[PDB]
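A lone chain, given as structure tokens: the form deposited in one PDB entry.
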């Protein structure tokens, strides 16, 4: 079973499919309008042939289903009919932050600070449920018309969760296994603080329209990060940003995960606990986006 609450009916009987969303970057996601109501929803359709493995699909749905938080994109349910699975989610009218800043340019420090607080609130909830996003970036941070910040796309989170569960289910005999090998089999070799690092990179991305080292080959970036003298990235223009923002970058981009602060600890940081942070900052950004 993909889900004990699947609607075994075609969603086109309840929804008018309006247009495609995100250019396929997030999959086959459509904007859709309810028929008896005006309510708008996002519908992501996945082909479902019988001989396909649906293990990764089932985890993603369960991750989205089990989240009830104001900074995580809302889940409505799933439709299964005629070998098509439609995942029904809240429609975030402004797209991702990457779509936004490609139009408005770099965000103000206050807008970045608001985003970082809202993502940290979502990450704190996720981590408290023993979940790891593992794909925090501008493209996976959606903004709705109400100016709210919602984390989205747990696809990578599902791939990893099903991948580790696959190897565990067919683990065979671990009775001769070494404790560190068993740890990596169960826990995967890292923890939820990888999300804190990704947020730090995302804050730079919102400041500069690019993550650091974006022109470097992917395998060369992985190669540089695994050397003893690795230097965590920094903001380009020092005089453009406050010391609080610089310190926020410095602590979120701590090399050693054993010293990187948690999502909850980071919520007490000077940058994201300042009084001038409110949704008006985002609604102001959407006004600029409307031009």
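Here the rigid core means the biggest group of C-alpha atoms that line up within 1.5 Å when the two forms are laid on top of each other. Residue numbers count along the first chain shown, from 1.
Another form, the form deposited in another entry, is not on view; read the next lines as being about it.
In a core superposition between the shown form and the other one, the Cα of 62 is the only one among 244, 251, 235, 62 shifting by 2 Å or more. Relative to the superposed rigid core, residue 275 undergoes a CA displacement smaller than 2 Å between the shown form and the other one.
The Cα shift for residue 72 between the shown form and the other one, taken after rigid core superposition, is smaller than 2 angstroms. If you fit the rigid core between the shown form and the other one, you'll see the Cα of residue 100 move by less than 2 angstroms.
Cα-Cα spacing of residue 43 to residue 157 is reduced in the other form versus the present form (difference of at least 3 Å).
Compared with the form shown here, the Cα atoms of residue 163 and residue 43 move at least 3 Å closer together in the other form.
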